[PDB]
Structure formats: structure tokens, C-alpha cells
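We give C-alpha cells for two forms of one protein chain below, kept apart as structure 1 and structure 2.
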Structure 1
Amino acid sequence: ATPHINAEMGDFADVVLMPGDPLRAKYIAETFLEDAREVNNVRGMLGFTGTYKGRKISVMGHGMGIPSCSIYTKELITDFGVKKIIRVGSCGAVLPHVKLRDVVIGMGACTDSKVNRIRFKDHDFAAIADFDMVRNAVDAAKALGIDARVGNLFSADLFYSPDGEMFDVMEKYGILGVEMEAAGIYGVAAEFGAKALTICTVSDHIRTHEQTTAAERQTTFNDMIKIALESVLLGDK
């Protein structure tokens, strides 16, 4: 048991899906996992473990922002023997072509956070996902007939940024989705010799103001979940 997780070695599978919203974890467990059981409730950060098509899988919320997900991802990796973290979160789009509910896969994640520079002697650490995991998710998407762009995400610390001119910079460099965790998790994985990946469903458009409801983000982003779950299986061959 860790300072933030009240579970024991074995309570989690070697692969863990993580949305920022614990209630979405609860959802993924109830509708996509089999015989799922709650293995954590500390700080209301629900974590579940069940099976998907026979394979043992875990899904746990990681909270919002880099600092939050960094705490959970490390504890899992170092104290629960977790090898693969798959973040199934929500993001905002700045590109005109990116439509609502679109699924983006971030092989790389930019950030305005300072965590990685602290790790990397104030240099540019290119926070990237495990390649095999990216290809797994693209392959899984192809089989499910679900469109999915691969590229850069943006992991911001400020959901309410005082710098609106930054959104124009992101769009110019092709940032697919703006979130708050990707780069944080990728840095953690690199630091502790684990493997990670982020898959996001566009929940809101930054330019047009199109938005999904808080309830919709919680229980209606199915494409994201099954792409992720199916990619887990592909990565077992």
C-alpha cells in the first residue's frame, strides 16, 4: 500500500487504463470489464480490476493535471509492478479539421509544465509514448473501424490560461489535442523504466466553442475505451 493507494501488490494488473475522472474509471469497469472489483477508494480516486476477453486489466482515475497523475503513475509502477499505463482522457482541439468526439493518439506530448526540465537539467526532453503501444492503438482502431490521428498533444498546467496567444502556436505546430497529463505521465514512465501512452477523445473545441457535457465525458466516450482495451490485447503477442 502506497501513500495514495490503499491496495496490495497483485491488486492491480500489469496494465492500467487511467482517465482523469475516477467516475469514468468506474464506468469503464462496469461496462467494459468483467467481474471488476474496486481495489482503491482513497481520495475518491476509484481504481478497479477485472478482466477483458479473459485478460486481467485494471482501470483507475489519476486526477487532473500533471502533478496528480505523476503521483499515481509512479506508485503503480514502483509499488504495484505495473508495466503499461494507458491514459484514456479528454482533450480540447485547436485545429479546424479536428472535430468533436474525435480520437487522437499522442505519440508525443508537449507541455508548459516545468517537471521534465527538472528531470532533464533544464533541457528539452521530448516526452514520447512507447512506440509499440502507439502502433497497438492504431491497429486496434483500424480493426474497430474508428478514425484516429497520431501526433502531438499539449499537456498544460493551466486549464484557464492567461495566454490565449499560445493556442495559435499549438495549432501552427499541429497539436492535435490540448490536455493536462500526457507529458507528465510520459516523463514518469521514462524515469522509472515503464511504458505509457495517451488516447484522448475531443470533448471540446477551443476555436468554435463546441462542447460535450460533464456527463457525456463520463459515460459516452466509448470509442476511446475499446481502442485502448483492444490495444492491450494486441500488445500481448
Structure 2
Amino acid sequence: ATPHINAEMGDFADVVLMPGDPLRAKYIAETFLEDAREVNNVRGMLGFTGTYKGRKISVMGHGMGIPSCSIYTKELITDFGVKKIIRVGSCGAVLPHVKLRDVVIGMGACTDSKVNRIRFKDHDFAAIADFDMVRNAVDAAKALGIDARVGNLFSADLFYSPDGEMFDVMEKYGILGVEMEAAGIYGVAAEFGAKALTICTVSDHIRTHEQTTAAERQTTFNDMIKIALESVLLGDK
């Protein structure tokens, strides 16, 4: 067991899907995994392992923000043999042409956190995904009839930011979505020699809120999870 995960080596697959909400991890296990078993419940941060089309897979919540996900991702890599992390999230769009319910893949992640400056001598660390994982997700999405948008996410520390003008800067530089974790996960992956990817669905536009239904949100979430799971199978071959 590690400080935040009451499990032992072997309990996790070598790839872990991670939504922010642990209750979505439970939903993924129930909906997509065969022979699913709960393998963590410390702090309510539910984690599960089962199989998808014969492939051992785990899913576990990461909590909100770079500091939370950095803990779990580090422990998974250093103590549970995890080689790949796929964050499966929501993001808010700053570009009108990026549509509600689009799938975005963060090949890079911008941020207003200091964590990568702390790592990288106050220089600019380009927080990036693993290329093969990116391509596997693009290809899995294409096989499901989806053209994933590949580019930069922006990982914010403040959900309630006092700097609304920054969203205009994000738009100018082509940021595809705003979320709260990718850059931190990518920094951990680089620090500890593993591989990561963040996939998000566009849940809103930052500038002007758009309504969605629970059913629409569920189906779009499910599409993202299928992309993520199928991408793993492509990566295995």
C-alpha cells in the first residue's frame, strides 16, 4: 500500500483510465469491464480492475486539480507497475468552432500551475502526451466515426479564476479545451519515466454556458471511454 492507495502490486493493470470523479470510475467499471473488482477505496477515491475484450484494465478517480492527480499518478507509476495513464475528462472550449460534445486529445497541455517550473529550473517545460498513445486514440476514435481534435489543453489551478482575460489569450493561441489536470499528469509521466494521455469531451463553452441533458452527457462520456479502451488495444499490437 502507498499513502493514498490501499492495494498491492498486481491489483492494477499496467494501464489505468482516470476520470476526475471516483463515481465515474465506478460507472466505467460497471459498464465496460468484465469481472470488475474494487481495488482502492481510500479517501473514497474508488479504483477498479477488470478486463476489456480480454485485456486487463484499471480505472480510478484522480480528484480535482494538479496536486490531487499528481499524487495518484506518481504512486501508480512508482508502486503499482503502471506504464500508461489515460485521463478521461471534460473540458471547456474557448474557440467557437470547437463544438459541444467534440472529443479533444491533449497532445500538449499549457498551464498556470508552477509545478513544471519547479521541476524544470523555471524554464518552459512543454508538457506533452506520449505520441503513440495520441495516435492510438485518434485511430480508435476514427474507427468509431469520430474525428478527434488534437492540440493543446490548458490545465488551470482555479476553476473560479479571477482572470477572465486569460481565456482570450487561450483562444488566440488555439487552445482546444480548459481542464485542471493534464499538464500535471504529463509532468509526472516525464519525471517518473512513464506515458500519459488526456482525452476530454467538450462539456461547455467557457464564455457562454450551453445546456446539456444528463443523457447527452452520459452518451458522450461513453464514447470517450470506448475511445480510450479501444486505444489501449491498438497500442498492445
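Structure 1's sequence is the ruler for residue numbers, which start at 1. So that the term is clear: the rigid core is the largest set of C-alpha atoms that superpose within 1.5 Å between two forms. Shifts are known only where both forms have a C-alpha.
Enquirer: Hey, after the core superposition between the two structures, which of 41, 51, 31, 211 has the C-alpha moving 2 angstroms or more?
Expert: Going through each option, the one that shifts is 211.
Enquirer: What does the CA of residue 147 shift by between the two structures after fitting on the core? Give it in Å to one decimal.
Expert: Reported C-alpha shift between the two structures: 2.5 Å at residue 147.
Enquirer: For residue 174, tell me the Cα shift between the two structures once the rigid core is superposed, in Å to one decimal.
Expert: For residue 174, the C-alpha ends up 0.6 Å from its position in the other form.
Enquirer: Taking only residues present in both forms and a 2 angstroms threshold on CA movement, what segments of three or more in a row shift between the two structures once the core is aligned?
Expert: Only this run moves by 2 Å or more: 211-220.
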